[PDB]
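The listed protein sequences correspond, in order, to chains A and B. Quick note, the first sequence lines up with residues 8 to 377 if you use full-length UniProt numbering. Quick note, the second sequence lines up with residues 215 to 427 if you use full-length UniProt numbering. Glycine included, each C-beta is placed from N, C-alpha and C at the ideal position. Worksheet: one structure, shown below.
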Amino acid sequence: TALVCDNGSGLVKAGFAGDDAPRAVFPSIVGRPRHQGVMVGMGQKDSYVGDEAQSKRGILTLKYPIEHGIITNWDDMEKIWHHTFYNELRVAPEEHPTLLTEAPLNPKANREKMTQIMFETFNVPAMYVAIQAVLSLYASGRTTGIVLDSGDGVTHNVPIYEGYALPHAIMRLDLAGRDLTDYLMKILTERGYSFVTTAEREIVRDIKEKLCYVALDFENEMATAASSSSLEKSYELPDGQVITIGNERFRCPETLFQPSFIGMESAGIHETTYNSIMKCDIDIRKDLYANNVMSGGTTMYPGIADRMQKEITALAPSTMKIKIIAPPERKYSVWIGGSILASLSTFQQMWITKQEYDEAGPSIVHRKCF
Amino acid sequence: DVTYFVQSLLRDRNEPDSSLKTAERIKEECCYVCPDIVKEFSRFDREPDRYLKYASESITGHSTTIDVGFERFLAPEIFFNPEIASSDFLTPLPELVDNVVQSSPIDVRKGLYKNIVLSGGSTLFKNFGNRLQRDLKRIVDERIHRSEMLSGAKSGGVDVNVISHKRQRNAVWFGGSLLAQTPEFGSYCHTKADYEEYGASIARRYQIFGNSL
Ligand SMILES: Nc1ncnc2c1ncn2[C@@H]1O[C@H](COP(=O)(O)OP(=O)(O)O)[C@@H](O)[C@H]1O
Ligand SMILES: [Mg+2]
């Protein structure tokens with residue numbers, strides 16, 4: 008059995024090849040205490056990871072070692088991988104080959120450090136670093152499609168046709184669920200609610216995924232919200248205080264379609280999906296429009312597939328079907344795809360074995376992986 | 215100005231709604247012209263159903279209820295005591311209509327009092343034409359009686375008639391329609407051929423007033 012670990016910017020998804028869902032899903036977080044430890048005994052630690060850090064968060068400064076799909080803190084990332092293998096999966100990593108994941112257009116140093124740590128500290132026998140949106144296409148059961156993947160740190164489009172990616176047509180956008188969470192912290196302040204500690208950011212992250220949705224026509228939903236009570240919903244803080252919220256439920260996700268809400272110059276996710284299809288060869292575009300695959304947690308909003316279908320139908324020529332493909336399990340589809348790829352009987356020649364790393368060093372990964 | 219006064223009175227009572235549409239709708243439905251505001255303030259002590267309750271819906275789409283009180287009579291009083299509205303204008307409408315007819319030539323004064331036509335939406339207040347007629351008839355007969363008492367002989371008087379009519383709400387448009395139907399109408403217009411010669415200066419000269427040159 009191989010391991011599959013999808014190193015998300017916000018969640019680790021981890022498990023074994025050939026299983027149909029991840030065994031471990033937990034925050035991609037390390038927390039450290041920020042207050043006086045007055046009491047001796049009673050089960051304390053200098054640091055906490057994942058669900059322990061999420062449960063104790065009132066007393067901790069939380070941080071994510073991933074920013075925009077790049078590992079920015081390697082000592083904390085080792086603590087997350089150690090927690091993944093030894094606490095959450097309960098395996099010796101020296102006994103199992105591991106499939107890892109990253110975003111396209113990442114720094115080469117990210118992939119070099121990620122292969123080095125895995126051989127040189129976890130003693131893994133063989134490992135691989137797949138592109139996240141190539142794995143999401145395996146889970147969808149397809150050879151052709153353009154995959155919009157949006158997680159916690161990155162949004163990316165990669166078009167694939169008959170098993171070939173078009174690497175020049177790949178689009179990347181460093182705007183996803185962390186930027187939507189921080190923009191919800193911004194606009195909750197105008198309703199009178201202040202969220203500022205990194206623990207309060209996790210409350211706003213939970214408000215975002217229980218209350219926010221994508222408006223099919225934003226300017227009509229703004230008019231509807233300005234003239235109705237029916238738009239508004241309430242949320243219970245951990246304090247038992249109840250907040251109430253209205254147009255902020257669809258203004259937050261609309262940042263994906265209008266990145267200028269957070270002061271970005273970027274085109275929206277509909278425009279970058281169309282720009283990626285229009286960078287492809289003219290013969291493949293028909294099959295990419297019919298196979299717009301959506302994946303990752305920032306695609307889980309109510310109404311996002313319908314706004315995405317409406318907007319790409321407004322960009323494309325009217326004579327061919329735009330189909331947005333939005334599986335109900337699409338929040339895990341990168342990990343599902345890694346479980347398929349690591350289970351395929353043709354893949355076992357493609358692993359980087361430690362025997363290759365022992366002669367080539369960490370630069371082996373750039374010639375074994377896409 | 216009577217809407218801004220209604221709005222200002224709702225706002226002085228801190229009523230749940232004082233939006234401009236709600237002050238407008240309280241003029242059209244609740245307001246009327248009384249004989250005298252100190253007697254009518256006293257009637258709002260003597261009789262309790264003089265205060266109305268007005269149901270209004272907010273800009274953000276929920277119900278409210280407004281108590282409407284002395285603005286029912288005090289707001290239409292703006293025409294009959296403009297010192298309520300303004301520092302800059304002081305003469306009440308019945309005295310102002312007297313000043314129009316007494317500055318006008320003597321042979322047309324019976325005709326000008328015999329036919330005082332009301333026009334425009336803000337003349338539609340309940341009892342407005344009756345307050346104007348009685349207060350102007352008072353001004354007119356006090357002026358005639360000063361002359362009868364000097365001369366020792368009774369006059370024929372003058373009938374003051376204030377006229378409210380079925381087209382009063384839009385009388386300017388209905389008149390414009392009736393006058394533009396005339397066979398001669400196209401001869402009173404500026405034609406674009408006049409404008410091609412003289413430009414916008416063709417329309418500059420006052421029609422209603424006496425011009426020099
Ligand atoms: N149901 C949801 N609705 C909206 N946002 C969600 C939802 N579920 C998760 N998210 C957001 O998506 C991100 C987690 O999705 P995931 O695909 O696991 O991202 P990643 O792999 O990069 O860590 C977080 O930023 C979270 O705020
Ligand atoms: Mg991710």
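Query                                                                                                                   : Result
Buried or exposed by the 16-neighbour rule on C-beta atoms within 10 Å, applied to residue 331 (chain B)                : exposed
Local Cβ density within 10 Å of residue 249 (chain A), reported as buried at 16 or more and exposed below that          : exposed
Rounded C-alpha distance that separates residue 460 (chain B) from residue 388 (chain B)                                : Outside the shown range of chain B (215 to 427) lies residue 460 (chain B), about which nothing can therefore be said.
Between the CA atoms of residue 423 (chain B) and residue 237 (chain B) - distance to the nearest angstrom              : 37 Å
Cutoff 8 Å: residue 236 (chain B) Cβ touching any chain A Cβ                                                            : no
The beta strand (DSSP E) enclosing residue 244 (chain B), as first and last residue numbers                             : Looking at the DSSP string, residue 244 (chain B) is not in any beta strand (DSSP E); the run it does join, the alpha helix (DSSP H), is 234 to 244.
Which listed residue (A:126, A:332 and A:377) has its alpha carbon closest to that of residue 299 (chain A)             : A:332
Three-state secondary structure assigned by DSSP to residue 41 (chain A)                                                : coil
Presumed contact (8 Å Cβ cut-off) between residue 29 (chain A) and residue 339 (chain A), rounded CB distance           : 6 Å
Cβ-based neighbour list, residue 175 (chain A), same chain, cut-off 7 Å, excluding 5 preceding and 5 following          : 286
Residue interval of the alpha helix (DSSP H) (run including residue 308 (chain B))                                      : 307 to 317
Length of the line joining the Cα atoms of residue 310 (chain A) and residue 20 (chain A)                               : 25 Å
For residue 315 (chain A) and residue 337 (chain A), believed in contact at Cβ under 8 Å, the rounded distance          : Between residue 315 (chain A) and residue 337 (chain A) the Cβ distance is about 12 Å, and since that is not below 8 Å, they are no contact.
contact_flag[the segment 272 to 279 of chain B, the segment 238 to 248 of chain B] where n(CB pairs < 8 Å) is 3 or more : no
Test item: CB-CB of residue 7 (chain A) and residue 38 (chain A) under 8 Å                                              : Examination of residue 7 (chain A) is not possible in this model, given that chain A is present from 8 through 377 alone.
Residue 109 (chain A) - partner residues in DSSP beta bridges                                                           : A:138
Residue 23 (chain A) - containing beta strand (DSSP E), residue span                                                    : 18 to 23
Collapsed DSSP secondary structure at residue 373 (chain A) in the structure displayed                                  : helix
Within-8 Å CB hit, residue 279 (chain B) to chain A                                                                     : no
Supposed close pair residue 215 (chain A), residue 259 (chain A) - CB separation, criterion 8 Å                         : 6 Å
Any C-beta of chain A under 8 Å from that of residue 404 (chain B)                                                      : no
Whether residue 138 (chain A) touches residue 354 (chain A) by CB criterion (8 Å)                                       : no
CB contact flag (residue 179 (chain A), residue 223 (chain A), <8 Å)                                                    : no
C-beta atoms of residue 273 (chain A) and residue 195 (chain A) nearer than 8 Å                                         : no
Distance between residue 267 (chain A) and residue 327 (chain A) (C-alpha atoms, nearest Å)                             : 30 Å
Candidates A:92, A:71 and A:308: closest to residue 31 (chain A) by CA position                                         : A:92
Chain-ordered chain A contacts of residue 275 (chain B) [CB-CB under 7 Å]                                               : 234, 235 and 236
Within 8 Å, strictly: CB atoms of residue 335 (chain A) and residue 147 (chain A)                                       : no
beta-carbon residue 181 (chain A) near ligand 3 non-hydrogen atom, thresh 7 Å                                           : This structure simply doesn't include ligand 3; it includes ligand 1 and ligand 2 instead.
Host beta strand (DSSP E) of residue 178 (chain A) (start-end)                                                          : 178 to 180
Residue range of the unbroken alpha helix (DSSP H) whose run includes residue 264 (chain A)                             : Segment: none, residue 264 (chain A) is in no alpha helix (DSSP H) and carries neither H nor E.
C-beta contact flag for residue 236 (chain A) and residue 217 (chain B) at 8 Å                                          : no
Exposed unless 16 or more other CB atoms sit within 10 angstroms - verdict on residue 319 (chain B)                     : exposed
Run of the beta strand (DSSP E) containing residue 89 (chain A), from where it starts to where it stops                 : From DSSP, residue 89 (chain A) is part of no beta strand (DSSP E) but of the alpha helix (DSSP H) over 81 to 89.
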